[PDB]
Structure formats: structure tokens, C-alpha cells
Amino acid sequence: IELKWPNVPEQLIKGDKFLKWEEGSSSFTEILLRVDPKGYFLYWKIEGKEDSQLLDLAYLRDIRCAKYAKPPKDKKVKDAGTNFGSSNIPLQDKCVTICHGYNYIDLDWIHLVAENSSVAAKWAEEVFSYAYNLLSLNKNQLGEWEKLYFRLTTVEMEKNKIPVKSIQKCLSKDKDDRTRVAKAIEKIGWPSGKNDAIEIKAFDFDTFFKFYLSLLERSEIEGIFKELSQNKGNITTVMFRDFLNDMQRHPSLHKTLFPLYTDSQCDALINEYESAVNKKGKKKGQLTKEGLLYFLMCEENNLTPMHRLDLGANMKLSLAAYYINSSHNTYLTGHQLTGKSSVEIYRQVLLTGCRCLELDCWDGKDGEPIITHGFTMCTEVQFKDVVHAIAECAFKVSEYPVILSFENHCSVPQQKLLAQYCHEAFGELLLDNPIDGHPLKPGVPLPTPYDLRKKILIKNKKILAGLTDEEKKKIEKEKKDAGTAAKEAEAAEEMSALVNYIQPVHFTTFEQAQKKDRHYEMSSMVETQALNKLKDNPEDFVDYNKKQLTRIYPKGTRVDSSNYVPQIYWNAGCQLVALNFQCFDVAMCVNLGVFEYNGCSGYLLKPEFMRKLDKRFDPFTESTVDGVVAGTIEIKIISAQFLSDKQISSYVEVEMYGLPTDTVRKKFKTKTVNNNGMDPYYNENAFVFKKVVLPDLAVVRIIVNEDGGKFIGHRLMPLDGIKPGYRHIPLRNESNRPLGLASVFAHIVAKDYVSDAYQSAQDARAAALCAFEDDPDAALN
Ligand SMILES: [Ca+2]
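All letters in the sequence shown, in the order written, are residues 11 to 473, 483 to 776, 790 to 813 by full-length UniProt numbering.
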């Protein structure tokens, strides 16, 4: 597993000097910029003053330097920066721009100037790597608690002392919950007062964990401990092995690829855990209550299967074998018709890992091409600027190929500039000719993502009478739902010559595509088109997608930039299922959580039975698929930790997305706990997903909400490689960045299913598609 934890060099911990300025301002400030040893926060002291400002790197979006940073325009700021550090180097080259945001749409900015270009570059490289470090982004609750510990030990610390009010501000805003913190501190034996500070020397992380035990009443652990220990007192080495090997492990998981824990191994771990927790009383091969609870919070119990999280999938199959992360009308930050168009958005969407972007290209009124949603009140941006942005961020987070979907409406003259600008901005990254071994001829499979790393492919145009009347009308409806994409400019040679493996063609019939046998010909279908084909011949659609690429996009009537649940189209094997990244609904939340895995590359390999040429498959099946083994899943939502700093009322919800017959929404919801943002104890009877026809396509999602139905957090767990047992589940926001301490504690059952044992073809299928709606019972009408 090639993933590593952050490694912050002494230079950054000790810190470097910068000047900080703000846009639309005459003045500035010199600061000492710093990172904590674990690499979780940027922090600096605003001079001769109280405290330290902080940026939580979990929400850092990008840090940039040199040519990609924003230099100051105000005269007297410019002056400062030139004479700051070394006067040799041009100001541009000392500049560092940081953008952050709890979500990637509403951003905040930080502008800085360093002493030379190396410092700039170093912070730029280092900080980024910390923010996008996957292990840090998937750390278990003990990790987040440590994160808090490091905040208090570096940022909040004043003269080697940790103020109590800082410990309070971090954990609560409510008065009673703050007094809970007070009393908890007192139990430990620390100073308890509003105005006290704890000496650093007394403030070790192990006692800071006893603080956790004192603060929260994790009553769950009593019964868990009694289950495993029974009347035998403490959990022996042998008991704990069986616990790890039976309950905490999937019965299907391959014994030799994933070897069982051993007596000797468990001994080592019990020792680690009892050292953190017991010290004075630790015994060789004996695990106490607090030892066990520690484990359940520690990295070894992390729900994330590192093997699936790492970039470990086979990258060496045809492109058509992959689910590819896709964006629709990338340029829009908001509403479809009144919304703003952005250059920045292209950066952000790429930085999430997204691989397929869209560029609606329109003729600009001064000779220079623009991007916008044509004939609407949306704003316009410059095409030249957009492609330079694309090139900048195309391969920061993923080495694997980007596909640019072009809606071309330009004049022949302006199209020559599109082409030229692509060459200018992309230089060597632009794939303007096929590669060896994959000529554009019939029978030849597409290249592999591995073959096409650090390349950018262009999807532009290159240079059915006889129907029934209801078909004609169904087609007219498709065409208008296509919006502006329905009619495009004809291709100019200078543009057509850049297209190769991704040639969009006007899809006709399925039999047509396999007779032509042209793996490089693809089809971009508006959702209305897709649903038609999907309902008519679903199996044929699955087979089509084994060799060729299907892109799917939102119908025009979704003016709010609403999204469909992508599992509808992934079920058919559609690779480029494009979404509106500016809208954080269920669909988008699901998308971002799914594409985290596989080193967050934007690529996920389809399940095997979907790539096998000879095998027929019906995504609308309700009985089991031959070869593929069905499963049962049981989720028992027990409690939550640190949902909020205020005393909220919350409930938890659990949904599943995948095949129609496996998709469940608005069915499972816990009792509501009132007035407790800290340790609400739901204790809900398990939620059973009895028959999961096809787990490899299925994901499960835990959602936590405030009483009024306001979003608090969520977590996504694909069934392919899910870990059962008691697990801590740290919640994430909608952009799939962590909330931090906010977590859920659940018991998971994952195993193989074992049993005891009209309507029109497409009416039945259309009915199945309601499972995906936000209101499955009512939408079924
Ligand atoms: Ca469009």
C-alpha cells in the first residue's frame, strides 16, 4: 500500500516569515507561518497580539505559487513584497495564494508573500500534499481527537500552557455542555476554572484520552465488553483474536490474501492499548474496558479498507471498463439560466478528482471565444483563460487522463482559436494523435487509463427515416431536453484533428453500433434519451458499454442544476455519468464519496461480470445474478459523538443505492435524541437490508440530520470491501471533507445471503426507477 501519512519538515514546524495582505486594501502584516507536526493546521501569530489565527487544512482547497498565484495590484503592497526577503527575484515568484472553503463553491482566500521562490514553492508543495493526504482524510476518531490535541498543543498554547477556555471553545458553545467540560477536566485532576491554563508537561495525550473517557458517557462499551468478556473478567488474548477474526471481519474475505490475526499479534496490540490506558495496572495479554474502547477508536479499527482506498485497481484495461468521474456544464457555479460562470470552478472540480469536464463554447463578440450557457442570462468567461486553468489543475490530484467535452457553437475562424489555445495551454498534455497499439480502426479496443496518464483528450465532433409516430414524438422530447447541445456548429478541420478516441456520434440503434464495431465512436446522451434506451433494451445497453463509452447529462428542465442519482446509469455500465458539481444534493454527495476510493483518481473499475463480453446482464433483475453472490447487510445505529457545539436534537438515517431492487431511501430513520450535541445515544434496533442482489454495485450511506431535517453530516461505505463489526464512523460534509470529531458508532453485519424460499416490460422498469426518487412512495404514482 503506497499511501503514507503526512511528514512535516522541521522548517515548517519552526516556521517561515511571510507578509499577508488582503484584496481591496492599502496595508498588510508580517507573520510567522507554521504547520503542526502532524500536518493538520496552518497557524500564525498576528503580531504583538493575543492569538494565533488558524486554517483547518481539512477545508483547504488549493495552495498556489509563482505564475499561478495572485500578485498584489495596490501600489504600496507591491513595494513591500519587492523589498521583502531578497530583492533579486520578481514579486510574482515570491507569491503564495491559498484558497479554502467548507465546500468548494463558496471560497475564502489568503494572500501571502515569501522571502524567495524556494520557500514559496516548498510551502506550496508541502501544504497541498497535507490537505489532500488520504490517510489524514480518513483517520478514525482517535486520530481526530489527536488532531484536537495538536490544535491545543500548538495553536492555543500560550507560554507552554493550554488555557481551559480554549479546551472549552473547541468542544462547545452551549453553557451546560461547557460545564460538562469543566467537571470532566476536574475528574482528571487538571485546573477547572474559567481562567486556568494546564502546564504542557502535565498535558500528555494519554491523559488527554482519559479526559475523553471522563467527558463522554460511552455506555455502549459496557455491553460490548460484557459480550466478549462474559463472566471471565477481562478480555484475554484469545477472546480478542476471535473478536478481530470473526466479528470484525467479512466471512467472505480471503484467508491467505488477508491473513487472520494471530495470538502473538494480539498480544502486541493489547500491550499498546493497555499502555495508553492502564500503565500502573496493565497485565500481559489482558484487555480492559478502556483498552477495548481505545481500539475501537484507533487506526486499526478504521472502517476504510486501505487496499480499496489506495490506487490499487487494475488500470490496464480498455477505457470502457471504468466508471469515470464526470462534470456537467462545469463552468456554472449556480442556477442554470441566471447563474454565474467561473474560471475558478474548473480548477476546483479537477481538484476533487473529476476527470470529465464540459466546455460550452460560444462565439465571443470581439474575436475571442467564450464559455457560457448560450441564450441565457448566465455570465460569460474567456475560453483562453479556462484552458490554462484546466492545464494548471488537471493532474494535481490524479495522474489519469482528463476528457474535455466540447459543445461547439463557434464560427470557423473562432474555432481555429479554440484549437490554437488548446495547443498553447496544454502543450504536451494534449493527445492530438492516437497512440501506438491503438489505431482508429474497427475491432481495436480503446487504450487503457494507464497508457493515457497525464494526457487530455478532446471530445468534439469530427468531420433515421422509417419510424412510428410515438417514436418521433419521444425523439422530439429528447432533442429539446438536450437544450443547447441539440444543435452544434459543424467541425473545423483544426478542431476535428484533435479528436481521436472520443468521437461523439449521433447514436441511432444498438444493433447499429456493434455492426460498425468502432470502439472509438461514443455517444453523449441527455438523460431523457438514456432512460428510453435503458427501459427498451437494458441488456443491449450493458453490452454496448463493454466496448464503447456512454456519457449521460441532466435534462434542460433541471433549471436548479438538480442531479439524478448516478447509480441509475452506472447500473447499465455508463462510464461518464456527468453531474452538476455546484449542487450538493444526494446525487452529488454520493458521487464524491464513491470517487474518493482508488487513490481518488477519478477512475473506478467496473465489476467483472460487467466487462465480460460473453455474459448477458439485466440491471432490472430482481432475482440473483449467476456467478455473483448476493448479500445481507445489517446496520445498527448506536450513538454519535460531537455532532455539534450547540445542544442540538438529532436523528440518523441509513440509505442504500445500487440496482433498483437494492436501492432503499426514506425507509430507515432512528428515534430522535433531543438536546444533546455531544453524546446522543440512539440505541436503535438494527436496520436490515435482507437481500442485496448485487453488492458490488451497491453503496450504503449513513446520514445524520438535525431535527428540522437540516443536514449535519454523512458517510459513504461501498459494499465492495466493507468492514463489519463495531466501527467508528467519522462524518463528512457534502463535499466529502471531514467534519472532524463528529462521528457515529454503529454495528455492521456483512455476509452472504442464504434463503428458505402483470404489467408492461418498460412500465415495470419505470416503476423500479422510483426507488431512486427523494420520495419513493409518492413519486411511485
Ligand atoms: Ca451543456
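Just so you know, even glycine gets a beta-carbon here, dropped at the ideal spot from N, CA and C.
Applying the 10 Å Cβ sphere with the 16-neighbour rule, what's the burial state of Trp54?
buried
Pick from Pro714, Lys688 and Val718: whose alpha carbon is nearest that of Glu725?
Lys688
Three or more C-beta pairs closer than 8 Å, one from the segment 94 to 101 and one from the segment 135 to 149: is that the case here?
no
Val396 lies in the alpha helix (DSSP H); which residues open and close that run?
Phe393 to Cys403
Going by C-alpha distance, which of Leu342, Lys132 and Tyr304 is nearest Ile115?
The shortest C-alpha separation from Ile115 is found at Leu342.
Going by CA-CA distance only, name the one from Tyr112, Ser96, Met249 and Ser262 that's closest to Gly650.
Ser262
Closer than 8 Å by C-beta to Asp118: which residues in its own chain qualify, once you throw out the five before and the five after it? Chain order, please.
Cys109, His110 and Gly111
Given this structure, state the Cα-to-Cα distance separating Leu360 from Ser408, to the nearest angstrom.
9 Å
I want to know whether the segment 578 to 590 touches the segment 640 to 660 - three or more CB-CB distances under 8 Å.
Touching, no.
Quick one, are the C-beta atoms of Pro638 and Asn590 less than 7 Å apart?
Against a cut-off of 7 Å, the Cβ pair of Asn590 and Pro638 comes out as a contact.
Using the three-state DSSP reduction, which class does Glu513 fall into: helix, strand or coil?
Note: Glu513 maps to helix in three-state DSSP.
Quick check: the Cα distance between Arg190 and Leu225, rounded to an integer number of angstroms?
7 Å
Please state the DSSP three-state secondary structure of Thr107.
It is a strand residue.
Shorter than 6 Å, the distance from the beta carbon of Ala508 to the closest heavy atom of ligand 1, or not?
no
Would you mind listing the beta strand (DSSP E) stretches within the UniProt domain "PI-PLC Y-box" (514 to 630) that are 3+ residues and don't spill past its ends, in chain order?
540 to 545, 569 to 572, 595 to 598 and 622 to 624
Taking buried to mean at least 16 other C-beta atoms within 10 Å of its own C-beta, is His538 buried or exposed?
Buried: at least 16 other Cβ atoms inside 10 Å.
Using a threshold of 7 Å, state whether the C-beta atoms of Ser668 and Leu662 are closer than that.
no
Report the residue from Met541, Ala811 and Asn755 whose alpha carbon sits nearest the alpha carbon of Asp604.
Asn755
Quick one: residues in its chain with C-beta nearer than 7 Å to the C-beta of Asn126, no 5 flanking neighbours on either side, listed in chain order?
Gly95, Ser96, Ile99 and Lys104
Name the residue from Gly344, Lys469, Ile210 and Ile177 whose alpha carbon lies nearest to the alpha carbon of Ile195.
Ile177
What residues match up with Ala769 in a beta bridge as DSSP calls it?
Looking at the DSSP assignment, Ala769 forms a beta bridge with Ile652.
Quick check: does the Cβ of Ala504 come within less than 6 Å of any heavy atom belonging to ligand 1?
yes
Ends of the beta strand (DSSP E) at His733?
Residues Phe730 to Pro737.
Exposed or buried, what is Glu154 when buried is set at 16 or more other beta-carbons lying within 10 Å of its beta-carbon?
It counts as buried.
Under the assumption that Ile73 contacts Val137 (Cβ atoms under 8 Å), give the Cβ distance between them as a whole number of angstroms.
Their Cβ separation, rounded to whole angstroms, is 5 Å, which keeps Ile73 and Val137 in contact under 8 Å.
So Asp320 is in the alpha helix (DSSP H); what residue range does that whole segment cover?
From DSSP, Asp320 is part of no alpha helix (DSSP H); its letter is neither H nor E.
If we count Cβ pairs, one from each stretch, closer than 8 Å, do we get three or more for the segment 330 to 345 versus the segment 361 to 378?
The segment 330 to 345, when compared against the segment 361 to 378, does touch it at the 8 Å Cβ threshold.
Between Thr503 and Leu321, what straight-line distance do the alpha-carbon atoms span, to the nearest angstrom?
37 Å
Going by the DSSP bridge assignment, what does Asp26 pair with across the sheet?
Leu43
State the DSSP-derived secondary structure class of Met257, mapped to helix, strand or coil.
It is helical.
Got a sec? Which residues, its chain only, sit under 6 Å from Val707 by beta carbon, not counting five neighbours each side?
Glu653
Could you check if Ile380 is buried or exposed, using at least 16 other CB atoms within 10 Å of its CB as the buried criterion?
buried
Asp186: beta carbon under 6 Å from a heavy atom of ligand 3?
With respect to ligand 3, the structure offers nothing, as its ligand set consists of ligand 1.
Sorry if obvious, but does the Cβ on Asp373 come closer than 6 Å to a heavy atom of ligand 1?
no
Looking at C-alpha atoms only, which residue of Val353, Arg357, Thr92 and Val422 is the closest neighbour of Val391?
Ranking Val353, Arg357, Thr92 and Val422 by Cα distance to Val391 puts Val353 first.
Between the segment 795 to 806 and the segment 759 to 773, do three or more beta carbon pairs fall short of 8 Å?
no
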